[PDB]
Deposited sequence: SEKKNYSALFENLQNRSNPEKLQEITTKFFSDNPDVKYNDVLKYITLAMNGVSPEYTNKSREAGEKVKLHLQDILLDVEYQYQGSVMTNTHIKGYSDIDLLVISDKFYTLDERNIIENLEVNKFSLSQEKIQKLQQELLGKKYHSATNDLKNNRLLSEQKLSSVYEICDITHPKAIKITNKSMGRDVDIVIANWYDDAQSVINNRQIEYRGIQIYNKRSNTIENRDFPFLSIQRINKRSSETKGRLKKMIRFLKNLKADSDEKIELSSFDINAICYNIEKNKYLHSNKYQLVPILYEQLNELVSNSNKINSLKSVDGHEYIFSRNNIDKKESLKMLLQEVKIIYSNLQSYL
């Protein structure tokens, strides 16, 4: 591994506009990484994307919301995506705008068609091809927003995270239950308990995925669940570099013990991550990447 080249490429991924204030704050907050490429790559791969980029990604979704508020009725607007947990690794991170009905399939079909008309009329780049989401491009800001049509799951008290059901334009039905807000709240809460350490691990693994020459087909959904499964007491006081051996132990334990990997559930606890043999092979390839980083890092621990 060429950590010098990986570090530069990582700078262009998380800071594509090359804002010098971001780079200066990085080396200022981490003076130890100087003249050592492996520490630079690890520290930046765990570092959160600067709010300079995140605020503009959230702002692009806000403009989409205002345009839809000119045509849509009986809906509420929420957001999902890595941006909402600050676990995104790209400065040009897109955002998903959820359009949830306050009240079934015909109401969702109407909101989907009305969203198509308004968004195609506002944004020159508007993709209405996929039956589960509309994708727009704010050419003025250079940001992308996906728009998803859904409603609340309604099947002696109303529980809080009853989930949403995504509208499927292709089948004219509602997709099965998803729990994006519960997942967001659980990730942010546990990261708050560990002073940001959970998000460092998540962003780290996602960057190892993007930089791997192997095809690690593990979604952010899966990477979130893997890190969220780690017990807090194992990394409560660990520094940034010590999170790498902890990720190694977790990934090695998942590949080793068959019941450990069979009991791994999603962050919301409503699905199991590993049922799918290529997914476990992707978990193995991710273990290789962590093992490589760990071996190159242990001399500094």
Per the record, the structure omits deposited positions 1-3, 107-145, 198-203, 324-325
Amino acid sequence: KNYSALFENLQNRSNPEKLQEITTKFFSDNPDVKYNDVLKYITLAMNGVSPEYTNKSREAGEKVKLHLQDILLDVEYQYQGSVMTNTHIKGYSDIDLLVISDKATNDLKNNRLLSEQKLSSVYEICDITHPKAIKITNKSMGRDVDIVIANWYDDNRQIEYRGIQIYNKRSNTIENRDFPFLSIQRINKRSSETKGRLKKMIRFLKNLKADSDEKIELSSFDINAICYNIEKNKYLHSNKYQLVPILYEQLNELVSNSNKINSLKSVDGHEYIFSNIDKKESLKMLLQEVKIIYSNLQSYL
From here on, numbers count along this sequence of modelled residues.
Once average C-alpha B-factors are taken from the entry for 250-258 and 52-60, the winner is 250-258
Do the CA atoms of 79-87 or those of 156-164 have the higher mean B-factor in the entry?
156-164
Per the deposited entry, the peak Cα B-factor within the set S238, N36, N30, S266 goes to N36
Can you tell me which of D222, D146, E231, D102 has the highest Cα temperature factor in the record?
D102
Could you tell me which third, lowest, middle or highest, the C-alpha B-factor of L6 occupies within its chain?
lowest
Among modelled residues of the same chain, the CA temperature factor third for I22:
lowest
Should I277 be placed in the lowest, middle or highest third of its chain by the C-alpha B factor in the entry?
highest
Among the modelled residues of this chain, does the Cα B factor of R177 put it in the lowest, middle or highest third?
highest
Lowest, middle or highest third: where is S183 by C-alpha B factor in its chain?
middle
